[PDB]
Every structure is written in C-alpha cells, then in structure tokens.
Amino acid sequence: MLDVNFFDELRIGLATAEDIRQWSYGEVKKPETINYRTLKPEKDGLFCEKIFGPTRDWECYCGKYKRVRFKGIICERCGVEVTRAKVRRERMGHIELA
Amino acid sequence: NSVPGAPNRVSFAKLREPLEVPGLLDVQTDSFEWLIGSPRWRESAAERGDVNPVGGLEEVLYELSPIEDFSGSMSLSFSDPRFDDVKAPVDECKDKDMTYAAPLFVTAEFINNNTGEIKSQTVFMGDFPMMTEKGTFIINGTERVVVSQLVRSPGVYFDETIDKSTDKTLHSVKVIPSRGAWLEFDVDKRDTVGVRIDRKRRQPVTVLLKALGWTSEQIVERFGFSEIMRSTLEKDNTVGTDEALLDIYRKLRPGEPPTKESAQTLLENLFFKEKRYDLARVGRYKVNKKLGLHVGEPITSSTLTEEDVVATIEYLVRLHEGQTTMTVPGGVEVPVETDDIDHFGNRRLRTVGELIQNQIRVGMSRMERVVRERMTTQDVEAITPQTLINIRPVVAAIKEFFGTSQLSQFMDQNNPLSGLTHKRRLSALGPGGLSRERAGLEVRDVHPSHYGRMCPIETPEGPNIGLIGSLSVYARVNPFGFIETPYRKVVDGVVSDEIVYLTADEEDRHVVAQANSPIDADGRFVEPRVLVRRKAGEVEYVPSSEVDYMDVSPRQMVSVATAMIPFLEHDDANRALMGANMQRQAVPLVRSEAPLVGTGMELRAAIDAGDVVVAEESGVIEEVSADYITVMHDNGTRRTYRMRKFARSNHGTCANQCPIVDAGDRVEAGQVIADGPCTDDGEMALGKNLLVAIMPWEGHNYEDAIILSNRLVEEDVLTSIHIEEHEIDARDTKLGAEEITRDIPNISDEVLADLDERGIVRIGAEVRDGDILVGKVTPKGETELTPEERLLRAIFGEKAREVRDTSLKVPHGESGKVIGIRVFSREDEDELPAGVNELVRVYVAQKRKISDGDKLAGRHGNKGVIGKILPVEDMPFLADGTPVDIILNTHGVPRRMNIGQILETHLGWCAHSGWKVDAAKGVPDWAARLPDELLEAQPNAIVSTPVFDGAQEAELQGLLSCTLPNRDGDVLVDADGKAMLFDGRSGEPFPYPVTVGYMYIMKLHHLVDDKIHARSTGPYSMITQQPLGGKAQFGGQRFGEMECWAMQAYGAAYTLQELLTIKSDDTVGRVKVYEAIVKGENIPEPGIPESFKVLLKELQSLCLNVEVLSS
Amino acid sequence: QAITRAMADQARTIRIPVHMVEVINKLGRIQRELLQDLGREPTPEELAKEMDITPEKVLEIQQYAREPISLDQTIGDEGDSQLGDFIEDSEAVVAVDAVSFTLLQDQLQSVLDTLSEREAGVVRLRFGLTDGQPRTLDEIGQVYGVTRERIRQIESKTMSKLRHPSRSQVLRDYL
Amino acid sequence: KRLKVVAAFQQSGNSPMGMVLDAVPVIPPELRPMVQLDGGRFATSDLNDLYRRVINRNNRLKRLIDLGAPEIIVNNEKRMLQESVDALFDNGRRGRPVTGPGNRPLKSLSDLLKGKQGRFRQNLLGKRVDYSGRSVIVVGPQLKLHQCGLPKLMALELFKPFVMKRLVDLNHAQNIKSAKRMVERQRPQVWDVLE
Ligand SMILES: [Zn+2]
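As recorded in the PDB header, cryo-EM is the method behind this entry, and the stated resolution is 3.36 Å.

What follows deals with the sheet that holds strand β1 (residues 69-70) of chain C. With mixed pairing, the 3 strands of this open sheet are ordered in space as β1(C)-β3(D)-β2(D). Bordering the open sheet on either side are β1 of chain C together with β2 (35-36) of chain D, each of which pairs with just one other strand. Pairing analysis gives 2 bridges linking β1 of chain C to strand β3 (residues 42-44) of chain D, with the strands arranged parallel. When the sheet's bridge partners are listed, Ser70 of chain C is paired in β3 of chain D with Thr44 of chain D.

Take empty space enclosed by the protein next. Of the volumes computed, that of the largest cavity is approximately 210 Å³. For the largest cavity, the lining is made up of 19 residues, of which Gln413, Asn415, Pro416, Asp611 and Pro677 of chain B are closest to its centre.

Moving on: the packing of aromatic side chains. For the structure shown, the criterion picks out 13 aromatic pairs over all chains. Three or more aromatic residues joined by ring pairs form one cluster here, namely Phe32, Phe137, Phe401 and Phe402 of chain B. Seen from the ring of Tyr501 of chain B, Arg476 of chain B lies directly overhead, with NZ or CZ sitting 5.8 Å from the centre. Note that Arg126 of chain C overlies the ring of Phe127 of chain C, its terminal NZ or CZ placed 5.7 Å from the centroid.

Our focus in this paragraph is a nonpolar patch on the surface. A contiguous nonpolar patch, built from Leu2, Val4 and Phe6 of chain A and spanning about 390 Å² of accessible area, is present on the exposed surface. Inspection of the secondary structure assignment puts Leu2 of chain A in the segment before β1 (9-14).

All right, on to the coordination of the zinc ion then. Residue and element names in this part refer to chain A. Binding of the zinc ion to the protein goes through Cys60 (SG), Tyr61 (N), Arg77 (NH2) and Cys78 (SG), at separations of 2.1 to 2.3 Å. Around the zinc ion, the 4 donor atoms sit at angles spanning 73 to 153°, and that spread fits a shape best called irregular. The sequence pattern describing where the donors of the zinc ion fall on their chain is C-Y-x15-R-C. Here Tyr61 is found in the loop between α2 (49-52) and β2 (93-96), whereas its partner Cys78 is found in the loop between α2 and β2, with 17 residues between them in sequence. The class for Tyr61 is partly exposed, based on a relative accessible area of 33%. A residue is classified by how much of its surface remains accessible, and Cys78, at 10% relative accessible area, is buried.

Bringing the packing of helix α3 (residues 56-64) of chain B against helix α12 (residues 352-377) of chain B into the picture now. A packed helix pair is summarised by two numbers, namely the angle formed by the two axes and the spacing between the axes. All names here are of chain B. The N-to-C vectors of α3 and α12 enclose an angle of 30°; their axes lie 10 Å apart at closest approach. By the angle between their directions, the pair α3 and α12 is classed as roughly parallel. For the element pair α3 and α12, the recorded crossing hand is right-handed. In contact with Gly56, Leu57, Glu59, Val60, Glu63 and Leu64 of α3, α12 contributes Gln357, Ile360, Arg361, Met364 and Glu368. Looking at the contact of α3 with α12, its residues break down into 5 nonpolar, 2 polar and 4 charged.

Following the criterion strictly, the structure yields 66 salt bridges over all chains and no others. Across the pair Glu368 of chain B and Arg372 of chain B runs a salt bridge, and its minimum N-O distance is 3.8 Å. Separated by 4 residues within a single helix, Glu368 of chain B and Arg372 of chain B lie in helix α12, roughly one turn from each other. Across the pair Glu616 of chain B and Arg639 of chain B runs a salt bridge whose closest N-O atoms are separated by 2.3 Å. Taken together, the residues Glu616 of chain B in the loop between α19 (601-608) and β26 (619-624) and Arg639 of chain B in strand β28 (residues 638-642) connect sequence positions 23 residues apart. Note on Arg639 of chain B: relative accessible area 32%, which makes it partly exposed. Look at the salt bridges and you will find they share partners, linking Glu18, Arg21 and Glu96 of chain A into a network.

All names here are of chain B. The buried count for strand β53 (residues 994-1003) comes to 9 of 10 residues, which makes it a mostly enclosed element. Note that strand β34 (residues 688-693) and β53 share 6 bridges and pair antiparallel. Directly across from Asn689, in β53, lies its bridge partner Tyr1000. Bridging between strand β46 (residues 855-858) and β53 involves 3 bridges; their strand directions are antiparallel. Looking across to β53, one finds that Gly858 is bridged to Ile1001. Where strand β52 (residues 978-979) meets β53, 2 bridges bridge the pair, whose relative direction is antiparallel. Opposite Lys978, over in β53, you have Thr995 as the bridge partner.

In this complex, chain D contributes 26 residues to the contact, which on the side of chain A involves 26 residues. Looking at the side of chain D facing chain A, the largest losses of area belong to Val26, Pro29 and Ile55 of chain D, adding up to 20% of the total buried there. Taken together, the connections running from chain D to chain A amount to 0 salt bridges. In this assembly, chain D and chain A are joined by 8 residue pairs in polar contact. With 10 residues, helix α2 (residues 47-67) of chain D is the single largest residue contributor to the side of chain D that touches chain A. Broken down by class, the residue content of the side of chain D that touches chain A amounts to 16 nonpolar, 5 polar and 5 charged. Across 4 bridges, the pairing between β2 of chain A and strand β1 (residues 23-26) of chain D is antiparallel. When the sheet's bridge partners are listed, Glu96 of chain A is paired in β1 of chain D with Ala23 of chain D.

This part takes up the interface of chain D and chain B. Counting residues at the interface gives 49 residues for chain D, matched by 58 residues for chain B. Regarding the contact of chain D and chain B, the summed buried area is about 4,900 Å², with carbon and sulfur atoms giving 63% of it. When the area that chain D buries against chain B is broken down by residue, the three leading residues are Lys127, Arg128 and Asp130 of chain D, summing to 17%. Here chain D is connected to chain B by 4 salt bridges. The salt bridge involving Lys127 of chain D is made with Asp1065 of chain B; its shortest N-O contact spans 3.2 Å. The tally of links between chain D and chain B comes to 19 residue pairs in polar contact. Where the side of chain D that touches chain B is concerned, the elements lending two or more residues are α4 (119-124), β4 (127-128), β5 (132-134), α5 (152-158), α6 (160-169) and α7 (176-185) of chain D. With 6 residues, the top contributor of residues to the side of chain D that touches chain B is α4 of chain D. Here the residues of the side of chain D that touches chain B are counted per class, giving 29 nonpolar, 8 polar and 12 charged. Across 3 bridges, the pairing between strand β54 (residues 1013-1015) of chain B and β5 of chain D is antiparallel. Bridging from a neighbouring strand, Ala1014 of chain B pairs with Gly133 of chain D of β5 of chain D.

Conventions and cut-offs
Residues numbered from 1 in each chain as written, not as in the entry; some residues may be left out. Chains lettered and ligands numbered in written order. Part of a larger assembly, values for the part shown. Heavy atoms only, no water. Residues with missing side-chain atoms left out of burial classes, pairs and counts. Pairing = 2+ DSSP bridges. Helix = DSSP H or I, 4+ residues; strand = E, 2+ residues; numbered from the N terminus. 1 Å grid on protein atoms, 1.4 Å probe; cavity = no way out; pocket = protein on both sides within 12 Å on 5 of 7 lines; lining within 4 Å. Points joined across faces, edges and corners; volume = space filled by probe spheres on them. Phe/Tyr/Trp six-rings, centres within 6.5 Å; stacked < 30°, edge-to-face > 60°. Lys NZ or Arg CZ within 6 Å of the ring centre and 35° of its normal. Patch = residues over 30% accessible without salt bridge, like charges linked within 9 Å, V, L, I, M, F, W, Y side chains within 5 Å. Areas by Shrake-Rupley, 256 points an atom, 1.4 Å probe, with all protein chains shown as cover. Salt bridge = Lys/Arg side-chain N within 4 Å of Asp/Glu carboxyl O. Donors = N, O, S within 2.8 Å, 3.2 Å for Na, K, Ca; no water. Tetrahedral: all angles 85-135°; square planar, octahedral: opposite > 155°, others 65-115°. Buried < 20%, exposed > 50% of the residue type's maximum accessible area, 1.4 Å probe, protein only. Axes fitted to C-alpha atoms, helices over the stretch in contact; angles between N-to-C directions. Parallel < 35°, antiparallel > 145°, perpendicular 65-115°, else oblique. Left-handed = near helix turned anticlockwise from the far one by under 90°. Contact = heavy atoms within 4.5 Å. Nonpolar A, V, L, I, M, F, W, Y, C, P; charged D, E, K, R; others polar. Buried area = accessible area lost by both parts, 1.4 Å probe. Polar contact = N/O pair within 3.5 Å; in protein donor to acceptor, adjacent residues only side chain to side chain.

Given below as structure tokens:
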C-alpha cells in the first residue's frame, strides 16, 4: 500500500458505503466549481481545497501560511491541510445520497 | 483549340468531339444561382422547366407562409426575397477576416382575419454569405469549399431476400421519406405479410387497409388473385374500423388510453399530414415514376397519399407472385422489379443549394416556432412583424452550417488542379450520409451506372476509398438533384449532332454505343457488331440498326484529374488511381515549365480553375507591370487587373502570378492574360520535363527510390517557395495589459538587432528556429521568488523584472526571410474579437530546395523518395555528353503494371528531339491514319494525347524511327528506344543500351523538412503524465501495444520497462533519470507508472474496492 | 420565479450570481433587439450608452458570460482524438530546470563555503536558505551574540566581497 | 446460472449490500481537470457536468423530503436521482444517453475504460515515449548491416543531455545552462562532441 513496487497480489471487490466514506476526505455537497470572478474553487464544491487539498503548493485558502516550514498542519480557518499540491490527484470525495 | 491564346498543341486524336467540355465549375455556380434565384438562373429555367420558376429561398419562403395562430384570425406571410450588394470585395474580406456576404431582405405581410389590416414590413433577414466567381466561400478570412453529397433519394425501394431455410423468396419494401416515419411492407417467413410501422413488429395489412375506411369487401375485391393476401385477410381476426384504429394505437402510441377519434386523426397526422411526413419534391416524383400514379400533373402535395399506399401494396404483392408488369387502376403500367440502392437512378446529389436549403429550412422552422409563440402572447393590433421576427436563429443556423461542419471543408489548394477537384467532388459522409464504419463493402464498389456520371478511378486510397469520388468531365446535375450525362442519339445507323441528356435510369431502356466506334461520317458503323452497354450494365455485341445512343466522346467516364494522364489506357486501374491522387498534391515551383506530352484537358483545367487572369473584354493592352495590367477595351474604357503576388495558399505554398503579355499586344475576350502558380502560357504545368534513364544504378534507386543529378539543385529546376504565418495576440487580462514592446527582459543584443522599436522583426530580415518574432510582455503577477534569485540580483544589480516574457518565437525546425507583417488593434478602430486589443501576424518564407527524402512522382502511379543527389560527374551520359537528370529503377514498372509511362517517356523524347516523316514516296503505312501537321515536328515541340484515343504503338514506333537530331549528326536513340550511354563513375560504356527519354515529374507536398521530428523532454498531458503527440506540440512517438508484443517476444524486459515507466510516465523517475544522465551517474531503478495510479483511482471511483496487498 | 432562479444559479457549470446574470440577459436582449433595427452588430460603446454604464464593464460582462467547453469532444473533421490530448500540463516539473536548480544550489554552497563561515551563516539565515524562514537582524544577534548594527556591517562585508568578479562571473552565467 | 453468483456471494466474505448504493464516491479533481485555455475559454472533462447533475438532484430531493411533498413528486425526484447516478456510472447503457452541448454523448466512468480509446489499451498497454523521433527512410546501400543512418538534427535533439554533459566536461560551456544555449543555437563545437 506504500507504492514501492513491491507487490504480491491485487484484489478487487464490492465496495460498501463504509469503505466509500472511508476513502473520502470530506463530503462534497454544493454544485459549485470555480468562482466566476476570483477564479478560485469554493467550499464543499466539486473542487473544494479543504476536501481535495490545496491547489497551490503550501498555501491555505486565505494564505495564512505560504511557507515550506508548515508541513502537515491543517489550518484552523478553512481546514485546508497545508501540504504538497498533487494530493489533488490522490484524495477523494463522496456524496451522501438522500 | 477554340481558345484565343491557346498554344499550338498538336493532337493524335482520331475523331472529333461534337461538344466542348462544359465549364467544370458549373455544379457549384448553377446550384448557388438556383439558391439565390438570379436572372441568369431565372432565364435558365425558362426553357428547362418554366412550368414553375422558383428559387430555393423562394421555395422555402412559400412553404413557410402562411403562419397563423390557434384562432386563425391573425397570421403572417413572407414574400419577395431580395438580396443586396456585397459589403466588401473579395480580397479585403480575405484580409481582415470577414465573411464575404451580403444583406438579405424579404417582405412580410401581416394579416388580421378578424377585421383586416395590412402591414408590409421589409425586415432585414440577416447576412447571407455569397459564393464567389471561383465557387468558393470566404468565412472569417479563410477560404472554404462545400462539397456535394450522395444520399438515397427518398421514395419506394422494393428488394428481394432468401430465407436460407426452405429457399423461399421474400419481397420487402421500405418507403423511406425524408422527415417522416418509415413503413416496411414485406412477406414474412410464413405466408402472411409484415407491415412494420415505425419499428413495431405486429399487425399484418388487415388492420391497415381496414383503418383506411375500408372493410373486408374492398380488400377481397382488390386482391382475389393474390392467395398470400387472401390468407392474410382471412387471418384478420379483427372486425371493426374503430377496433383496427385502437389496435394501431396499441403499437403506434402506447402509454395513453385510446379514444374513438384519437387514432383516426393520429394516422393522418403521422402519414397524410405534410408536417410530420413530407417526402420532398424529389420523393413525390420518384414515387410517381415508380408507380405510374401521375404522369402529366404538376408537383404539389408533397405528403404521401392513400393511393400511393394501395399501389405499394399491389406492387409488392404482385412482385411476390413473380409478375412482370403492374397496371394500377387509374394510371399507366409499370414493370415490376426490385430496386437497386446503389444505382445512380436512386442515389441523388445534394449540391450546395440543397444543403443550404436544408439549413435555411431548419432556421425557418425555429422562426415559425418562435413567431407562433409570440403572436398570441401579445394583444391584437399592438403587434408588428418586426417584433414578431427575431432573425437570430437563421444567422445562427447559417453559421452552424458553414463552420464546424464536415461537409463544408477547408479548401485544398496547393495547385490549380487540387482546387478544381475539391469542388465538383461527390462525398457520401456527413448528416444523412453513411460513416466509414457504417459503410459496407457493396457501397464502396463501382456501379455500372457510375459510367459517365462519376469517375471510377479518382478516389482516395485511405479508409475513404470509394466513399468519396469526383464528378465526370461531361456530367450534368439535373434541376431535380439526379445526375445526368450527355449522349448522341443514332437513328437507323445515322449519327446525329443533336445532344440529349440522360440520367442513370433512362439509360437502361436504351442501348448506348462505344465512344470510339468506326464512324464513316455518314453515321453507319462499318461492322454490324458494336461494343454497346446494355440495360443491366452488360457489354455485348449487337447489330448496328437497333442501337439508339452513343457516347458523346471518349474520356466521358473519367474525371478531370484523371483525364490529364497520358496513355491512361495502358495503365492498371490501381496505379492510375494513385497517379490521379498524386496529381492533386503537387507543389507550385518557381518556373512551372509546361509538359511536352499531355492531354488537351490541361488547358481547360488551367483556364477555368479561376486563378489565371482572363481578359473578360477584348481590347489592346494599355500597359503591363508585375503588380498590375491595364487593358484598353475597344469601347474607350479601360480595366486594370491587379495581379496577386506571393500569396500564401491554405497549405502554405506560393501563388505568384506572372503576366505573359506585352505592352502593345491585342488580347481577345477569353484569352489567358497571366499565369497562376502551376501554369505555363495558361495551361496546367505541375512539374518539370526531366531526362530519364531507366536503369537500376548501384542500388541508390532500389525499392522505388529515385536518384537525381545536382543540376536540378543548382539550376533551381525543382525548388518551391513556402510561406508560413504566425498569429500572436495581446489581450486584456486581470494582471493588466500585454504590450507588443521591445522591453523584453533578460535578452542579448545580437538577437535584438533585427527588431523595430515597435517590437517586431524588420521586414526582409532572416530568422530561424528559436529566434524571437514579436516582443509581447505579460504582467507576471507573483510567484515564489527564490532566495537564490535574491542572491543572484545582489551579485549583478539586476532588476526584479516584474513581467513575464512569453514572446512569440520561431517554432522548431524552420527558417527563412519575412514577407509581410499585418497588425490590427482596437485604437485602429478594427473589428477585433472582444478581449484582444493587439493582433499581429507575420509571414515568413523560405525557398525550400530539393533534398533527400522529398517525394517525387510521375502522373502514372510511380512514386519514390530521393535516394540521393549525386554530382553531375557521376551520371550516365549519352554520346553527346548530356547527363541524365533523374534515374528510376526498372524492377518496379513491369511488376506494378504501369507501362504507360514508358510510352510517355518515348513520346517525350520524340517530342523533344523533334522528328519528320519522309513523305517522299507517299506516306508510310503507319502514318496513313496519322493526321497531317504531325508528320513534322521542330525540336522541343509540345504534343498532346487524349487518354483513350491517343498515339498507338505502331505510330509511336514509326515516330521513334525518324527522330532527327538537334545540332550535330547523332541519332542517340535507336529504332527500339534504347540508347547507348557512358558511365560517369568508372568511365567505360555500359554493356547494353537502356531506355532514355523525357519524363514529366512532379514534386509532391510531402517534403522531409515538414516530416522530421524528435524530442528529448517536452511537455506532458494533464490527466496522465504521458507526453503529447503531434508536430505542433513537441510530440513523442506512440509506442503502442503492437510494439509491446515485439519487445516481449524479443525477451527484452529492461528495455520495455524503461520505455514504459521512466521514459514516459514516472515523473520522479523522469527527473531523476535526467539528473543522473546529466550528472554522468548511473540511471536509477524505474518506479511505478502514474497512469496505473490514475486507473486505480478511477476504478475506486466506480465503487470497486481495489487495494494492492504487499503480503 | 422558481424556474428563473434555478436556471440562474444552477444551469451554469461556472455558477454566476443572479444579480449579474440579470445584466447578461438584459445585455443580450438589448443587443439583439437593436441589431435588427440598426442592421449591424451593436458596438459595445453604443451598448454602454444603452446601459448608462462604462463600456469597459460591458466588455467585462461579455467575457464573463462565456461558458466552458468540453475536453473530450472530437476536435478534428475526422474522429481520431480528443481536445484533452493537446493541452500541456503546466504544473508538471520541467525535468530540465530541476537539475539546473540543483546545480545552482551546489554553486551557491561552494561560493558560501569559500566565504568566511560567519558571513555564510549570516546570509544563509538572512535569506532563509537552510530553514524555511529568513530572519531579522535581532535573531542573528541572539544566535551570534552581537548587536544588530554589527550584523548590518557584516552583511555589508558580505555583498561587498560578493561583488568580486571571481564570484560575479561564475554566478551571473547561471541565468 | 443463479448459483454461479449465489455461491460467489456465499463463500466470499462480502455482503451483497454493496449491490445497492447510498454513498457515491467522487474522483480526484485533477483526474477531471478544469483548465483555462489561451483565450479565456475553459475546458472540462464532462465529469463535472454529471457530478453537478448528481449534486443538484440530491439537493433537490433533500429539499423535497424535508419540506414535505406529495409522494408523486418525491418518486419522480428519486427516479431522477437513480437515472443521474446511472448516467454517471455508465452513460447510454439505459435509455438515450445524457447529452450536453454539441449533441454528443457524455463520457461517463465506464466509457473511460472501454475499447481502443479506453485507458487500458491506450495509456496502460502502450504509451507515448520520450527520447524518440520519426523521419522518412532512404536506402543506404553503402551502409553495413549493423549500421543505420541518422539525421544530424534528430541525433542532436535525441542525445541532448548526453552531449550536454560531454561538452560541459570538455569546458566548451562553463555551466549546464550555457550548454543548453549552445545546443539550441547549434554552435559548431556541438557537432564534434555529438559525433
Ligand atoms: Zn487556508
């Protein structure tokens, strides 16, 4: 699971709702993608940085922390975990159906 | 001849052509004339169907009007479609990128049936694009050409099928009308019939004929001989018209309870109402001809009628009985047979008129919907046609048609022939057509009806083979959409000059003769048996007295691109096909020498291609210059033809125009004034006349390779001027504005020498790959300024340089001088797109010489890349000492079956060296049929050869016998064509003579400069980290799974893993490998591909719990 | 009201507030109503005159109303590839500038080690090389037991020795 | 045929509850990019549209349930939710495919894993590779069997880091950046080290 090219088997099976909410880093609940003016993603939208990580490397939403020295700390304001920027390719969302 | 400035082209043709070739652009001009309804077309129909002279726009407007409300007391109508002058002439709309178009005006009549008032408002319909004299539209500056389409004409189509179980024959029908619901009548596997309505597999004819107000007595009276339908009507199992109506309602509109009247009105609104089922004006006449319903009545009521249905039933049921002729009660008798779907009597041709008509019809349908919505929401007498009209959908529809549609495509213009052949081309793909995947093997085949209508040779070799073709040279489009060809009619063995035009279906009921028949000038063929084309396309012998038609001329079955191939009849069909296709993609050289051996079609093709200046009105020339010509007409006034010099074609070739007249000559109306890109003296010239030896030379001309002498490079015989354009726009941005300025950060000065203070390259300055072109500087905004950057500026005092230099640079692998700069901007009060405020476009041209890898070919199918260009010393030379220019292999011509070009080579040598036939003791036996004035030919004399009536073997052999020398006494070639030639490498003479002679070669637009590409580390795609593909982007070759098979079969595992992970995908692997190779360190272990992780996340998103387990 | 509100804030891939989707709709209606009466496309300055607002705002709203396109629509006349195949990933590492940055870091380390150790440390923590944060003078004093004026003086010594052409030429090339 | 799936659900320790679905995952945003093209135009992978439809239907169903509506409207909303998840997982499998602008079927998750254009046989099995080129071929009759000709420009572009190192070592260029500048300008010294 560490992705070091040391694999013994690959397994596929049905995914229950408990696994689906386990993978997700948050619950997307707004059909909002990009602010038409600010050109930034929104909160709890399809592109939310809190759920899927920060777009720019090592910055939160309002730019409280713009420095490398902040690693692994989730800001108290928007909850954007200040880290590397390709987590947007890794983290995941989920929708709770009515 | 019959052309005022025609060069003297002697011809080997035996018989004469009764009619000249029509203007080969007549299928584009005439259709647009019908669309507009110009006075030329108005008088054209005056003697060709004046029973109802109506244009396409007039037809659409008349069909649309009148439109009313639900009450019927208030309505609107349209009439009088009047055009207007074009906004700007062609060249300026080609300059500033505006569509060549004119305003459209129509009159609207507002009627109010409640009380009655009139409102005749001349509403501005919109901006209709127009068609130029060349038959090409201009959209946003670009030159686009629409092509005609081949589709199944709506009508009735009976067909036969074998069940393959008991070998019972079955007959089916498909009345396929445009914009309607299908009906499929057939005989089922068992005895009864199937009447499938809109894809519902129930309910034999019993319920249908009953639903038409009939009962059992009518169906039993009409059908007492057809035991099949008797059994069917016995198996009715339903009694009652309302019962049949509700049974139909089951399988026509389920999900809603039926009522007594709903089904009766539903049937009429489904089939007999011209809003949901309207077979076009073509379809109604096709049905009438197929069934003999109406034979002398005007065309009206396009909707399908009930007698049509009953006639379809009778025809089908009689066909199942094996009957020959059906006589419908109340109509003429019609023979009963299955209908072929590929016969050109059932495949129509939607020209530009029909396509634009359909788009206008969609626009007017939206117009009717919106006006119907609006006419009720507003109170009466407060409503006006202008507020009833919102012209937006019409212009939206025309813009939708002209752009982003695959049936109106970018003009393929790199020589006059390509432009000529792009129009007058028949396509089959697109809306209403069949895709290549949807295309079967049967459609791609050549139908016997293709003769004279569509050329059977000209078709692309790719996947689209047979799907798209080219129009014939004599072909005509009927005012009805069907294709049609001329043919002379012979009576009792007397050939008439009267030319009558026949369609594909009219040919079957007649017998056409051979094109080149032994005519005695009295109309009587010397032998009774003559090659004729029968009804079903069969060729057979038949006595003369019963034939009734003949071909107007040879080369009637062939197009204009294939009519330019000399000795066509001596070539295989495949090689002729490829030769005709490579004729389309020759390049315009800088001299364009006319070919020695050719066909009379070259002159006409060059003349009517539209790119050679032709004096419209006769008169003396006032003055001549490179830029322009002033010609004084006889009636006092003068006219100035403004020559077009060094214009970039759509494929980046040259389009110079050199005048060929003097300051004091007289020119007649129709004479060629100036030559285009690939024309000499107004006739087509796509190549050069090169001396050819056909020996295989030391393996440098191996496997279709071709070797050339350095004379071609030094004398600029094969060199092409190539022009490219580079757009670049400065646009508004939240960061501010991007400036076209020289304030370019961190640049040297030797590269700033050739820029003006305005910020762009000086005109006439040389650039190359990587040089800057325009200085455009964008506000960089902000980023992480590296601390190392701060120490860097602290060491030298360099400014922060707050802006990003995304200037325009010459892309990889090209160079040359700059030709022109065009700049537009908002403060120039121009019509720039909203958002951009500067836009500059630079033209860079280079004189591309001929080098290795460039493709050269003849017009006989032989092709090949330049194997080498070896110096003039190492060339086999004749006893006179003239080195050969081009050497081709001898192992390709006999296997590939293209011996025609050897005959062309010999005829070219005869035409170059000159000849004379000794008419001392009478004419020789071979020259008896040879025409006069062909017994003597000066050196470098041009000849001609019609494709199917040309120089025979005996005539060519006799010409080769007497081939008088030019200056010295030296008959270089012997009677059999071969000649001695001295080796230039070793020096001794070659043991055996080889054939030599002048061949017409052409340079193709597949040059190696635009074909070489390589990359080390370019950009990558977004979703997967694989590098992109193409030449515009930095590219990277696709290593597909088929090559993975080869690498796995080799047993090479490390190479495969390298090619997959680090060379393509693994990002950290990529950067680490690059660092290691630069640092001279060992390449590290490959990692895990990123695309696999992308796949894993994608599969997880599909609710599939996929986890990889270490142990 | 419900339909209009929903179409306003729900029918767009890039959601737009109703307060200015209103002015997009009004701009469109007035421009297409004036186009037929005047016969030509209405220049945005005249549209602004009908707006009683500055034209620049009119161009801004015109470029705001433009909707996004699809990455997967076939782009060619013939169907062979999608649009997304032709878009370069800007965020990807160049793989050439990375090695350049590493070698620049090596050159900086060599240059600093050539200088005196106190000066090297002073500038290193002044521009935050070894750590994530550059520091003010008083931090340098607290870590070296000197006054802030002395740190200003040693910084003066640093960039004075750093202007030496021996380092200036060897580092200026790296651009 | 029934036992073929019943035994699989029995012997394997997975509950068949996963057949029905009440919590739908959302792919990472970078796998469904929204990128601004040169010109202000924006591009999306059609997945944002399907996800937006799912979100809209779910939110409206939540509003209907909380507000209290007649069961017909609630049933219609639940059907729309089912069809929206249907379109998201596999567009066009049931009924007419969900269509966007230009009248083309939208690319669902399933369509991204099917056929030639799917990920499996287009990006996984065979990939576009670096350090590669392509050009026209010409007969080389003077070459040896183990040899092959190569254009000078293509060889330079291929072996860029190799000649970069081999020339920065021979002191032709002081640093790597100077080596890159020489290579792109094609200085005469480049050809010798290239050979
Ligand atoms: Zn934040």
